[PDB]
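[1] PDB entry and its sequence, pasted below:
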Amino acid sequence: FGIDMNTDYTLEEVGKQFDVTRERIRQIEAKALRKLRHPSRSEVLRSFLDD
Amino acid sequence: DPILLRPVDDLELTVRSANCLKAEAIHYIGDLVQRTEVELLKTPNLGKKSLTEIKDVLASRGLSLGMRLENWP
DNA sequence: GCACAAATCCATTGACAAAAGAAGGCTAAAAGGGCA
DNA sequence: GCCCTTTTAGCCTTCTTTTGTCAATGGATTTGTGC
């Protein structure tokens, strides 16, 4: 994503920065979003959603 | 109490932990806090690691082992 | 304390499906001119 | 004013690509467990 950084790169650029292939990057980001979806990591973000 | 009435994937521990919970029918924290060291230890493929991480996480939430339930549901 | 016995986290590999561009044809405005 | 005409801008669907998506698979540690 574009968080605290310049242009958000695609999967291949993230892989070249991590020397890993794109599918590992997708698995890692999905892992992190799963980890963030539960409360204790979601209560504070979710209050930003008035929907 | 709200802490004992949440899912087993509530406190976000090891995947082996949740697998063993569903393998001993553990799905709610209400009786998960009902289980003591031996009762939890008896299970398959749940050795020191998973139960002791349960211990650490509930200690961070402060609760203890084997609390005797009434008003459940 | 030791030694085996799966459960399972880092990475491919293929096969694919859906944006994203790049383009080529059609509409379709839209200058622009010319007999008085 | 009147059409004729010539033109060009813009949308409008195909095709080629880039990028993401999904399923499987060693194999390494690791955790569990019997001794």
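    Looks like it arrived, so ask away. Numbers count the residues shown, from 1 in each chain, chains lettered A, B, ... in the order given.
[2] Determine the longest helix present in chain A.
    Among all segments of chain A classified by DSSP state H, the helix with the greatest residue count is helix A:22-37.
[3] Now do the contacts for residue B:57.
    B:11, B:13 (CB atoms under 8 Å, 6 or more residues apart in numbering or on different chains). Using the backbone N, CA and C atoms, a C-beta is placed for each residue, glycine as well.
[4] That one and DNA strand C, how far apart?
    16 Å (CB to the nearest atom of the strand, to the nearest Å).
[5] Would you mind measuring from that residue to residue A:20?
    Using CB to CB, to the nearest Å, residue B:57 is found at 30 Å from residue A:20.
[6] Check residue A:28 too.
    From residue A:28 to residue A:20 the distance is 8 Å (CB to CB).
[7] same thing with residue A:39?
    Counting by CB to CB, the gap from residue A:39 to residue A:20 is 30 Å.
[8] give me the element residue 16 is part of.
    Picked chain A for this. helix A:11-18 (DSSP states H and E).
[9] Let me rephrase: I mean chain B.
    Residue B:16 belongs to helix B:15-23, assigned by DSSP H and E.
[10] Counting neighbours, which bits of that helix end up buried?
    Buried residues in helix B:15-23, counting neighbours by 16 or more other CB atoms under 10 Å in any protein chain shown, are found at B:17-18, B:20-21.
[11] Which residue is the nearest non-sequential neighbour of residue B:21?
    In this structure, residue B:21 finds its nearest non-sequential neighbour in residue B:8, 4.5 Å apart by CB to CB, 6 or more residues apart in numbering or on different chains.
[12] and if you look at residue B:68?
    residue B:34 (6.8 Å).
[13] Next, that neighbour: phi, psi?
    With angles defined as degrees, to the nearest 10, residue B:34 sits at phi -80, psi -20.
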